[PDB]
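Laid out below as structure tokens are two forms of one and the same protein chain, each shown alone and named structure 1 and structure 2.
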Structure 1
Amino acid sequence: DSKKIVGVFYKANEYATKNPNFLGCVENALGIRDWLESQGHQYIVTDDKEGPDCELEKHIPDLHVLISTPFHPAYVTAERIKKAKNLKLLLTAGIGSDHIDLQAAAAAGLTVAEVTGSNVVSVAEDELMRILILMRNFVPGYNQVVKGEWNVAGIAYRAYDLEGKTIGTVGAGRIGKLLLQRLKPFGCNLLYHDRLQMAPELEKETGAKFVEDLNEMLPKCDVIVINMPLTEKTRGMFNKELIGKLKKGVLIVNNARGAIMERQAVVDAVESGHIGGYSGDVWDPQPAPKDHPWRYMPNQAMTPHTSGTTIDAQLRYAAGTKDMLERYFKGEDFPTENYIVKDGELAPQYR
């Protein structure tokens, strides 16, 4: 049976032509058009997703499948669900379903799925990158280059080797594990805190030492890497008090969630030098307003939120999306880990 598939992505414009493997955009559309069309489906792709008059709303009433990414998400409200006669399947080409009303989706008997696990190497790499950028003081050196300067002292005074430094990951899920694996050869003192100890083999392999008490671990760290989710416990947890307990000059890397930091506490402690540097790609609010204080605070090595939308991640998101589409057409279950809602049943972690 022919299905109407709608993909919502941002327009990449010239970037899409500069890189045809930039799949997460309108122009390249996950690389699935030829295949979908060959199978007799209709594939409608648009960036125009807000407003009653937008292209998306033209298709909401009769689409079967709506695909988007967290980067230009088509918001799936109860209101839009109610208008969607044929909608069965919501796919995130990526990870993140925060733009979907999951309860409404479940109530409507929908399936909601995402490409679980497909960003983890990307984020772990980006963390390691940021550890080195901060530790070795890349940013001031880069900024001298562009300004026509040459002032070694101005860079050297805050530049260290990573070797021998104490690096603590707060959380050691999949991303923190991959990070520790990549840190092992640098010859650091690796500490981790998590709800779960890694297997003793993995700890010997990475050399990471479990620290049950987080308030014991943090003051020992030259570098702290945030690798847990935003919960009531972790929200604003890096506040004035907690940042105060960290080593003076601590370097913090945060590709987890911006709101784990209390935003102004981080600015104050960066202006006072207590935080030596802060680098991440996650912000609050996100996208970060032009005025976001983390943009202009001293020693920042921020970027916009791109670590999980490398081309390689995008390829995995596209492949996962195609796999689930094929399964959907064939009446085959998706990988269990991909389901957020399955035929109207919200997975227990999302209840």
Structure 2
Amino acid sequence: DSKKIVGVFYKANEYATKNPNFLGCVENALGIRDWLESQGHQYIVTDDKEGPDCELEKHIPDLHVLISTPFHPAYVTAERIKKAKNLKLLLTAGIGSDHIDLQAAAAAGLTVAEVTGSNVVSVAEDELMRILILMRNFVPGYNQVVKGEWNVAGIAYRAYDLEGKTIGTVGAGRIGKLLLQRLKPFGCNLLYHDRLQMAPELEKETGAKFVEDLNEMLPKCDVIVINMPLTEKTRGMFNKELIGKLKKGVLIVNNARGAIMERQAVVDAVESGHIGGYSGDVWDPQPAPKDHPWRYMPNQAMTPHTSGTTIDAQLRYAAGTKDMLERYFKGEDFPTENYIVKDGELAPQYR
């Protein structure tokens, strides 16, 4: 009954011990090493995930379970899945399992699951933060401060209050709903697009108006927020043509997945001023290389992939990961909303 379990996390070095609940890094490995080893399982943890000769690849031929995390994602390709002779279970410590080839996982009969709900508040907070950072023009003020400069006009000419502006969320699942709730008291005109309409009473509490056809919402928005998974349909959806339909000077927030946008289409439209500003924590690929052009374009307010891995989020997704492992050892089903691929079927929000 003893299994080989591999975890792939970001490496913390001297940061590992600066908070007692820092469960998300390599060194602390979700807090589950002792619990796993006491049951006779082998637990191997690494950040070394790229290429033929990395530590992860050493263990791909015989691991049983692979625990990944979106902030430092192991890319589980069709070729890796074919090499993986004993693999049965792919767990995501966090939310969003698109770093796996989900079609090849379904074709191989693998189970893919994630900790649904675990960091959705955290991302909704970070999104509202970035809307404010772009609208109110925080980044150019910070840059003046560190360079020893002082020029209020260089900031004020394009700074605005959020009050009275039109904000559209593209996707209204768990995160989009939590965002709409936090935006209610700012006094904005809220719109949303999804394949699924929110309940009548949630529309009434938030004041948010359903727009069934995405192309009708886009031109109306001063602010657009991305809030869908990375799926075969959403991949590359914000291309040259779709971005042309946005209001001139639109501010875009994207803490969903970087690859929902076409990389170069965003760069070109930022340089022309057609996108007024772009802010998010997600990139294609991750880690983002040193030369990734989103780092250097005008008006950018980016960070690395951090919003779903606050300390409070880490505690919840480590706990959910442990619960699923415990269920797995006992042959019990996970909560239904956790499955992304089960019995060869993809979950509806990814179809």
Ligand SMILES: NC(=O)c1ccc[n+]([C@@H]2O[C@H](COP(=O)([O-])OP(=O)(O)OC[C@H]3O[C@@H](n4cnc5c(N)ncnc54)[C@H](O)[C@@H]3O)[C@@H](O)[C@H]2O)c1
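Residue 1 is the first residue of structure 1, and the numbers go on in sequence order from there. Basically, rigid core = biggest C-alpha set you can superpose within 1.5 Å across the two forms.
**Q** Working through the pair one at a time, identify the form solved without the named molecule and give its number.
**A** Looking at both copies of the chain, structure 1 is the one that matches the description.
**Q** In a superposition on the rigid core, which residue from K184, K209, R136, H72 has a CA displacement reaching 2 Å or more between the two structures?
**A** C-alpha shift of at least 2 Å: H72.
**Q** Can you give me the rotation of the smaller rigid part relative to the larger one between the two structures, rounded to whole degrees?
**A** From C-alpha superpositions, the smaller part turns by 20 degrees.
**Q** Keeping the rigid core fixed, work out how far the Cα of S97 travels between the two structures, to one decimal in Å.
**A** Here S97 registers a C-alpha shift of 4.9 Å.
**Q** Core-aligned, what's the Cα displacement of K11 between the two structures in Å?
**A** Comparing the two forms, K11 shifts 3.8 Å at C-alpha.
**Q** Where the core is superposed, what shift in Å does the CA of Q42 undergo between the two structures?
**A** That residue's C-alpha is offset by 8.4 Å.
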